[PDB]
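The data block below is work_0.txt; it holds compact mmCIF, C-alpha atoms.
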```txt
# COMPACT_ATOMS: atom_id res chain seq x y z
CA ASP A 1 -21.25 -10.62 19.26
CA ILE A 2 -18.92 -12.97 21.12
CA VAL A 3 -16.29 -11.43 23.41
CA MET A 4 -13.27 -13.64 24.11
CA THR A 5 -11.70 -12.93 27.51
CA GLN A 6 -8.33 -11.17 27.47
CA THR A 7 -6.53 -13.65 29.80
CA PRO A 8 -2.98 -13.11 31.12
CA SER A 9 -1.89 -10.63 28.43
CA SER A 10 1.57 -10.09 29.91
CA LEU A 11 3.50 -13.35 30.08
CA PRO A 12 7.19 -13.05 30.95
CA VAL A 13 9.14 -16.31 31.40
CA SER A 14 12.69 -17.61 31.41
CA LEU A 15 13.79 -20.29 28.97
CA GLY A 16 12.69 -23.86 29.64
CA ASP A 17 10.08 -22.53 32.06
CA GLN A 18 6.60 -24.03 31.82
CA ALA A 19 4.07 -21.73 30.17
CA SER A 20 0.28 -21.78 30.24
CA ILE A 21 -2.28 -19.41 28.72
CA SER A 22 -6.07 -19.41 29.14
CA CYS A 23 -9.05 -18.33 27.07
CA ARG A 24 -12.59 -17.78 28.30
CA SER A 25 -15.74 -16.99 26.37
CA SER A 26 -18.82 -14.97 27.30
CA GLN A 27 -21.35 -17.41 25.84
CA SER A 28 -21.16 -21.02 24.66
CA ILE A 29 -19.02 -21.33 21.53
CA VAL A 30 -20.41 -24.79 20.84
CA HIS A 31 -21.76 -24.53 17.31
CA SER A 32 -25.04 -25.86 15.99
CA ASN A 33 -23.87 -29.11 14.35
CA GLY A 34 -22.13 -29.73 17.68
CA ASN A 35 -18.55 -28.83 16.80
CA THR A 36 -16.60 -26.17 18.69
CA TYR A 37 -14.18 -24.30 16.46
CA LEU A 38 -11.41 -22.72 18.50
CA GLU A 39 -8.01 -21.82 17.11
CA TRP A 40 -4.76 -20.49 18.55
CA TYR A 41 -2.42 -18.14 16.72
CA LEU A 42 1.08 -16.73 17.17
CA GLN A 43 2.35 -13.47 15.73
CA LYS A 44 6.05 -12.69 15.50
CA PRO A 45 6.76 -8.93 15.78
CA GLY A 46 7.50 -8.61 12.06
CA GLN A 47 5.63 -11.66 10.81
CA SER A 48 2.07 -12.56 9.85
CA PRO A 49 -0.18 -14.60 12.19
CA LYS A 50 0.73 -18.28 12.44
CA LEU A 51 -1.81 -21.00 13.23
CA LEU A 52 -0.78 -23.12 16.20
CA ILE A 53 -3.97 -25.02 16.88
CA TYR A 54 -7.18 -26.05 15.09
CA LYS A 55 -10.36 -27.39 16.73
CA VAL A 56 -9.27 -26.96 20.37
CA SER A 57 -7.19 -30.01 21.40
CA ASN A 58 -5.99 -30.84 17.87
CA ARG A 59 -2.92 -29.08 16.49
CA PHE A 60 -1.52 -27.91 13.14
CA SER A 61 1.29 -29.56 11.16
CA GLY A 62 4.87 -28.37 11.64
CA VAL A 63 3.93 -27.41 15.19
CA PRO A 64 6.35 -28.78 17.85
CA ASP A 65 5.27 -31.72 20.02
CA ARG A 66 4.54 -29.79 23.19
CA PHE A 67 1.40 -27.67 23.05
CA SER A 68 -2.05 -28.46 24.41
CA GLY A 69 -5.40 -26.87 23.73
CA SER A 70 -7.18 -27.95 26.91
CA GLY A 71 -10.47 -26.21 26.18
CA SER A 72 -13.69 -27.48 27.72
CA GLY A 73 -17.09 -25.78 27.75
CA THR A 74 -16.70 -22.01 27.69
CA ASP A 75 -13.26 -22.30 29.28
CA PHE A 76 -10.17 -22.80 27.12
CA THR A 77 -6.42 -22.89 27.71
CA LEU A 78 -3.08 -23.53 25.97
CA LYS A 79 -0.01 -25.00 27.68
CA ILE A 80 3.66 -25.12 26.73
CA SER A 81 5.81 -27.45 28.84
CA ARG A 82 9.12 -26.26 27.39
CA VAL A 83 9.82 -22.77 26.08
CA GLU A 84 12.51 -22.23 23.45
CA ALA A 85 13.85 -19.40 21.27
CA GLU A 86 11.33 -19.06 18.43
CA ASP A 87 8.40 -19.86 20.75
CA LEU A 88 8.48 -16.20 21.80
CA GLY A 89 5.92 -13.85 20.27
CA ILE A 90 2.32 -12.88 20.99
CA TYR A 91 -0.59 -15.32 21.06
CA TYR A 92 -4.24 -14.93 20.15
CA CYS A 93 -7.20 -17.19 20.86
CA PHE A 94 -9.85 -17.29 18.16
CA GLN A 95 -13.29 -18.82 17.68
CA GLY A 96 -14.63 -19.57 14.21
CA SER A 97 -18.07 -20.73 15.28
CA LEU A 98 -20.86 -18.32 16.20
CA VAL A 99 -21.96 -15.43 13.96
CA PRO A 100 -19.30 -12.73 13.85
CA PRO A 101 -16.08 -14.45 14.95
CA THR A 102 -13.72 -12.83 17.44
CA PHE A 103 -10.21 -13.07 18.82
CA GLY A 104 -8.88 -12.48 22.29
CA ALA A 105 -6.94 -9.31 23.08
CA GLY A 106 -4.06 -11.75 22.98
CA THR A 107 -1.17 -12.63 25.26
CA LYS A 108 2.30 -11.12 25.06
CA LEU A 109 4.98 -13.75 25.62
CA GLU A 110 8.29 -12.00 26.26
CA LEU A 111 11.61 -13.12 27.75
CA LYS A 112 12.36 -11.67 31.17
CA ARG A 113 15.88 -10.25 31.11
CA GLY A 114 18.47 -10.03 33.89
CA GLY A 115 21.51 -11.94 35.08
CA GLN A 134 3.84 -25.30 -1.51
CA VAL A 135 0.88 -23.02 -0.92
CA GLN A 136 1.26 -19.25 -1.03
CA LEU A 137 -1.04 -16.26 -0.80
CA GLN A 138 -0.05 -12.88 -2.22
CA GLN A 139 -1.56 -9.48 -1.53
CA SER A 140 -1.63 -6.11 -3.27
CA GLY A 141 0.69 -3.21 -2.53
CA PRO A 142 0.09 -0.58 0.14
CA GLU A 143 -2.67 1.97 -0.43
CA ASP A 144 -2.56 5.55 0.81
CA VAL A 145 -5.59 7.70 0.09
CA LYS A 146 -7.64 10.64 1.39
CA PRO A 147 -10.63 9.87 3.66
CA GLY A 148 -14.06 9.43 2.07
CA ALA A 149 -12.52 7.59 -0.87
CA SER A 150 -12.84 3.94 -1.80
CA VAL A 151 -10.12 1.31 -2.14
CA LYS A 152 -9.78 -2.23 -3.46
CA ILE A 153 -7.06 -4.74 -2.62
CA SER A 154 -6.09 -8.12 -4.03
CA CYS A 155 -5.33 -11.50 -2.52
CA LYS A 156 -3.91 -14.00 -5.00
CA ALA A 157 -3.73 -17.66 -4.04
CA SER A 158 -1.48 -20.36 -5.45
CA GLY A 159 -0.93 -24.04 -4.65
CA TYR A 160 -4.60 -25.05 -4.76
CA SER A 161 -8.06 -24.40 -6.22
CA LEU A 162 -10.14 -21.75 -4.47
CA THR A 163 -13.27 -23.42 -5.85
CA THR A 164 -12.46 -26.66 -4.03
CA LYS A 165 -15.17 -27.73 -1.61
CA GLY A 166 -14.76 -26.87 2.06
CA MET A 167 -12.33 -24.01 1.55
CA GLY A 168 -13.08 -20.30 1.64
CA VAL A 169 -11.17 -17.06 2.06
CA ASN A 170 -11.41 -14.88 5.15
CA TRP A 171 -10.22 -11.32 5.76
CA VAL A 172 -8.53 -9.96 8.88
CA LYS A 173 -7.53 -6.42 9.85
CA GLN A 174 -5.00 -5.54 12.53
CA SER A 175 -5.13 -2.09 14.07
CA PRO A 176 -2.01 -1.58 16.21
CA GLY A 177 -2.92 -1.34 19.89
CA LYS A 178 -6.54 -2.02 18.95
CA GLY A 179 -5.81 -5.74 18.68
CA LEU A 180 -7.08 -8.11 16.00
CA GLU A 181 -10.35 -7.79 14.08
CA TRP A 182 -12.38 -9.89 11.63
CA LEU A 183 -14.07 -8.41 8.57
CA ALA A 184 -15.31 -10.60 5.74
CA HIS A 185 -15.29 -14.09 4.25
CA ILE A 186 -15.92 -15.59 0.82
CA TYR A 187 -16.67 -19.30 0.37
CA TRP A 188 -15.84 -21.42 -2.68
CA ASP A 189 -19.55 -21.34 -3.49
CA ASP A 190 -19.19 -17.55 -3.41
CA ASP A 191 -21.56 -16.93 -0.48
CA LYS A 192 -20.26 -13.83 1.29
CA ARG A 193 -20.78 -12.77 4.88
CA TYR A 194 -19.40 -9.48 6.18
CA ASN A 195 -18.93 -7.97 9.62
CA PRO A 196 -21.92 -5.99 10.97
CA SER A 197 -19.63 -3.34 12.48
CA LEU A 198 -18.54 -2.46 8.95
CA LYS A 199 -22.08 -1.20 8.28
CA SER A 200 -21.96 -3.32 5.11
CA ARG A 201 -19.64 -0.82 3.42
CA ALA A 202 -17.28 -3.56 2.26
CA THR A 203 -18.09 -5.70 -0.77
CA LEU A 204 -16.12 -8.80 -1.75
CA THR A 205 -15.15 -9.65 -5.32
CA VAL A 206 -13.39 -12.62 -6.90
CA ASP A 207 -11.64 -13.16 -10.22
CA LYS A 208 -11.81 -16.90 -10.82
CA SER A 209 -9.53 -16.75 -13.87
CA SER A 210 -6.42 -15.46 -12.10
CA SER A 211 -7.79 -16.71 -8.76
CA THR A 212 -7.53 -13.30 -7.07
CA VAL A 213 -9.95 -12.26 -4.32
CA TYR A 214 -10.78 -8.56 -4.08
CA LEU A 215 -11.94 -6.62 -1.03
CA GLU A 216 -13.34 -3.13 -1.52
CA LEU A 217 -13.98 -0.57 1.22
CA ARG A 218 -16.23 2.42 0.57
CA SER A 219 -15.90 5.88 2.16
CA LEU A 220 -12.76 5.40 4.26
CA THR A 221 -12.27 7.11 7.63
CA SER A 222 -9.35 7.40 10.06
CA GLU A 223 -10.28 4.34 12.12
CA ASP A 224 -10.18 2.30 8.92
CA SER A 225 -6.45 2.92 8.72
CA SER A 226 -4.65 -0.35 9.38
CA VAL A 227 -2.82 -3.34 7.92
CA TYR A 228 -5.17 -5.89 6.36
CA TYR A 229 -4.55 -9.63 6.06
CA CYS A 230 -5.78 -12.31 3.68
CA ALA A 231 -6.52 -15.65 5.32
CA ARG A 232 -7.60 -19.04 4.01
CA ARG A 233 -10.17 -21.13 5.83
CA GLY A 234 -8.72 -24.62 5.54
CA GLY A 235 -10.50 -27.75 4.38
CA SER A 236 -12.67 -29.88 6.62
CA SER A 237 -9.50 -31.75 7.54
CA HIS A 238 -8.38 -28.54 9.25
CA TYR A 239 -11.93 -27.80 10.45
CA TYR A 240 -12.07 -24.37 8.78
CA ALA A 241 -9.10 -22.68 10.42
CA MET A 242 -6.68 -20.21 8.92
CA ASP A 243 -3.64 -22.29 8.04
CA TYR A 244 -2.12 -20.04 5.42
CA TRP A 245 -1.94 -16.27 5.68
CA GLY A 246 -1.10 -13.38 3.40
CA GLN A 247 1.85 -11.04 3.72
CA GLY A 248 -0.65 -8.34 4.54
CA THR A 249 -1.30 -5.03 2.83
CA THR A 250 -1.12 -1.65 4.53
CA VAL A 251 -3.77 1.05 4.21
CA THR A 252 -3.53 4.63 5.50
CA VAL A 253 -5.72 7.73 5.20
CA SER A 254 -5.02 11.48 5.24
```
As structure tokens - that is how I would like this structure written.
Amino acid sequence: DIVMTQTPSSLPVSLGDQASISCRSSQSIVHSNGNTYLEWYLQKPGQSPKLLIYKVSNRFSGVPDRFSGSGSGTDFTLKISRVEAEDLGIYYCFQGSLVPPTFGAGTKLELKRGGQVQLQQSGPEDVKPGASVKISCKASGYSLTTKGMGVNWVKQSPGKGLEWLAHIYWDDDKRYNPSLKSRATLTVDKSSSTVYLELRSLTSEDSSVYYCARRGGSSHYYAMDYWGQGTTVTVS
């Protein structure tokens, strides 16, 4: 039960303007074993979440030279010295450390006007409430049974922000989210390397778009580097 502070959700800027976001945590996110796992993500309006930063200060590959996780203690922040075209989008701060992980409500970065490895997910599922559904996440480009890597699951309810659900390690140990009331049960087909997530007795609040996410190796300090396309679930 870790609540990540919202921080300046609305962030208008002109181009080339300096940009800085913050993140603050209720309790200490410093994990037993002494590492603090904090990650920063970007979501384009149409796109899937994109990992900007892994383990606070450190940053992901393919990410432009100017970004800084400045995080220290329970206080965290991300700075962009120069803003360009594709840098626009909405940002989330995420902690992968204590118990049930959580995101921030996220920050909207919008222009002020004036003047390989691939993951694949199942199709959309539309079904009456009270029913049960199962979706697929198929991974290619690596071995799911490799040590250090596991598969997470993320749901995005529009306007309700981002939410974490379940995770399955390579050693098959599964942990779910307590708020799910342990309705969900993970499954994995090792032959075709597809990971299944089943949800029992659906309700209206369970209607959302669900994402498949890979916890990276220890080199990435267990961050979500590669994401699914997402699958969309709705109830009647």
(message) Given the point (-0.7, -27.9, 25.6) in the coordinates of this file, which residues lie within 9 Å, counting only C-alpha atoms, and how would they look as a VMD selection string?
(response) chain A and resid 20 57 66 to 70 77 to 81
Written selection (C-alpha atoms) as a CSV table (one decimal), in the frame of the given file:
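Saved file selection-v2.csv follows:
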```
chain,number,residue,atom,x,y,z
A,20,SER,CA,0.3,-21.8,30.2
A,57,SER,CA,-7.2,-30.0,21.4
A,66,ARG,CA,4.5,-29.8,23.2
A,67,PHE,CA,1.4,-27.7,23.0
A,68,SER,CA,-2.0,-28.5,24.4
A,69,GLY,CA,-5.4,-26.9,23.7
A,70,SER,CA,-7.2,-28.0,26.9
A,77,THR,CA,-6.4,-22.9,27.7
A,78,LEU,CA,-3.1,-23.5,26.0
A,79,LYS,CA,0.0,-25.0,27.7
A,80,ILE,CA,3.7,-25.1,26.7
A,81,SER,CA,5.8,-27.4,28.8
```
(request) Write out as a PyMOL selection string which residues come within 6 Å of region 96-104 of chain A when counting only C-alpha atoms, dropping same-chain ones fewer than 4 positions away. (result) chain A and resi 4-6+31+37+92
If we count all atoms listed in the file, what is near residue 188 (chain A) at a cut-off of 10 Å, once residues fewer than 4 positions away on the same chain are taken out, given as an mmCIF file with C-alpha atoms, keeping the file's coordinate frame?
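Wrote around35.cif, looks like this:
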```cif
data_model
loop_
_atom_site.group_PDB
_atom_site.id
_atom_site.type_symbol
_atom_site.label_atom_id
_atom_site.label_comp_id
_atom_site.auth_asym_id
_atom_site.auth_seq_id
_atom_site.Cartn_x
_atom_site.Cartn_y
_atom_site.Cartn_z
ATOM 1 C CA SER A 161 -8.060 -24.400 -6.220
ATOM 2 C CA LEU A 162 -10.140 -21.750 -4.470
ATOM 3 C CA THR A 163 -13.270 -23.420 -5.850
ATOM 4 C CA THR A 164 -12.460 -26.660 -4.030
ATOM 5 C CA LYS A 165 -15.170 -27.730 -1.610
ATOM 6 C CA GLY A 166 -14.760 -26.870 2.060
ATOM 7 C CA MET A 167 -12.330 -24.010 1.550
ATOM 8 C CA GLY A 168 -13.080 -20.300 1.640
ATOM 9 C CA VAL A 169 -11.170 -17.060 2.060
ATOM 10 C CA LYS A 192 -20.260 -13.830 1.290
#
```
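By chain and then residue number, the residues within 10 Å of residue 50 (chain A) are residues 40, 41, 42, 43, 44, 60, 91, 92, 242, 243, 244 and 245 of chain A, counting only C-alpha atoms and disregarding those fewer than 4 positions away in sequence.
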(message) List as number ranges by chain the residues having at least one atom at most 9 Å from position (-7.5, -26.8, 17.0) as given in the file, counting only C-alpha atoms.
(response) A: 37-40, 51-60, 69, 238-239, 241
For the selection just defined, write its residues with C-alpha atoms to a file, as a PDB file, keeping the file's coordinate frame.
```
ATOM      1  CA  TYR A  37     -14.180 -24.300  16.460  1.00  0.00           C
ATOM      2  CA  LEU A  38     -11.410 -22.720  18.500  1.00  0.00           C
ATOM      3  CA  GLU A  39      -8.010 -21.820  17.110  1.00  0.00           C
ATOM      4  CA  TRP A  40      -4.760 -20.490  18.550  1.00  0.00           C
ATOM      5  CA  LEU A  51      -1.810 -21.000  13.230  1.00  0.00           C
ATOM      6  CA  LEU A  52      -0.780 -23.120  16.200  1.00  0.00           C
ATOM      7  CA  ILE A  53      -3.970 -25.020  16.880  1.00  0.00           C
ATOM      8  CA  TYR A  54      -7.180 -26.050  15.090  1.00  0.00           C
ATOM      9  CA  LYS A  55     -10.360 -27.390  16.730  1.00  0.00           C
ATOM     10  CA  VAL A  56      -9.270 -26.960  20.370  1.00  0.00           C
ATOM     11  CA  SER A  57      -7.190 -30.010  21.400  1.00  0.00           C
ATOM     12  CA  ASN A  58      -5.990 -30.840  17.870  1.00  0.00           C
ATOM     13  CA  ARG A  59      -2.920 -29.080  16.490  1.00  0.00           C
ATOM     14  CA  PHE A  60      -1.520 -27.910  13.140  1.00  0.00           C
ATOM     15  CA  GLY A  69      -5.400 -26.870  23.730  1.00  0.00           C
ATOM     16  CA  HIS A 238      -8.380 -28.540   9.250  1.00  0.00           C
ATOM     17  CA  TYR A 239     -11.930 -27.800  10.450  1.00  0.00           C
ATOM     18  CA  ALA A 241      -9.100 -22.680  10.420  1.00  0.00           C
TER      19      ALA A 241
END
```
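When only C-alpha atoms are used to compute distances to residue 149 (chain A), the closest of the residues A:224, A:233, A:19, A:3 turns out to be A:224.
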Let me have the centre and edge lengths of the axis-aligned box enclosing all listed atoms of region 163-180 of chain A with 6 Å padding on every side, in Å to one decimal, as AutoDock Vina command-line options.
```
--center_x -8.6 --center_y -14.5 --center_z 7.0 --size_x 25.2 --size_y 38.4 --size_z 37.7
```
